[PDB]
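For the first sequence, the residue numbers in the deposited numbering are 2 to 87. For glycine and all other residues, C-beta sits at the position ideal for the given N, C-alpha and C. Right, one structure below, let's go through it.
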Amino acid sequence: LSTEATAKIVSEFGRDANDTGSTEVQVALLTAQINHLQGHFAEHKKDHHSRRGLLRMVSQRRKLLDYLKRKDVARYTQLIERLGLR
RNA sequence: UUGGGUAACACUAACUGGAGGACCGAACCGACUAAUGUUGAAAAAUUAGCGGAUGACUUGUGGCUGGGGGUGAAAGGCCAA
């Protein structure tokens, strides 16, 4: 993931200016990495060690969403709708 | 295929679909048990009872391979009683 590719995905999801670590921002980056990693699975079926990597990643995202939906259900439906998870 | 659960793997339910030298059975094939017949209707036939059924299947016509040769899922079976 390129620098600008990361900085841009953080800005488009950033709640406000200078928003680096937020529920929607975090999950955004994780989702991205997950996508690239999942696509990395379509190929290299043998790469088992990487499978564990995404497991932790997706687990983190699952917990982040669980926290969000639990607190603000509105920000949740919005986040998912924008990304495309679930 | 749809729905649901899962990160994925894959799972569950419903629906769809319907293969299978598969099963019971028609064309049909086979033909175990008895009597009739046995100068018989018949040089192996009749009757009751009895077994099997989309395939490497069955069948018409045409054509090929021949004598100690051929042909034979072989029984020394068949090559016009």
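Our contact map puts residue i next to residue j with C-beta atoms below 8 Å; I'd like the distance itself, whole angstroms only.
| i | j | result |
| --- | --- | --- |
| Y68 | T24 | 7 Å |
| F14 | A29 | 4 Å |
| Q39 | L55 | 7 Å |
| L66 | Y77 | 7 Å |
CB-CB under 7 Å to residue i, same chain, minus the five flanking residues each way: which ones, in chain order?
| i | result |
| --- | --- |
| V59 | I35 |
| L86 | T32 |
Comparing alpha-carbon positions, which option in the options lies nearest residue i?
| i | options | result |
| --- | --- | --- |
| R57 | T78, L31 and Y77 | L31 |
| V11 | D17, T4, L2 and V26 | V26 |
| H37 | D17, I81, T7 and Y77 | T7 |
Go through its chain and collect everything with a Cβ distance to residue i's Cβ below 8 Å, but skip five positions before and after it.
| i | result |
| --- | --- |
| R16 | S23, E25 and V26 |
Entirely within the stretch 19-87 and at least 4 residues each: give me those alpha helix (DSSP H) ranges in chain order. 24-43, 50-72 and 74-84
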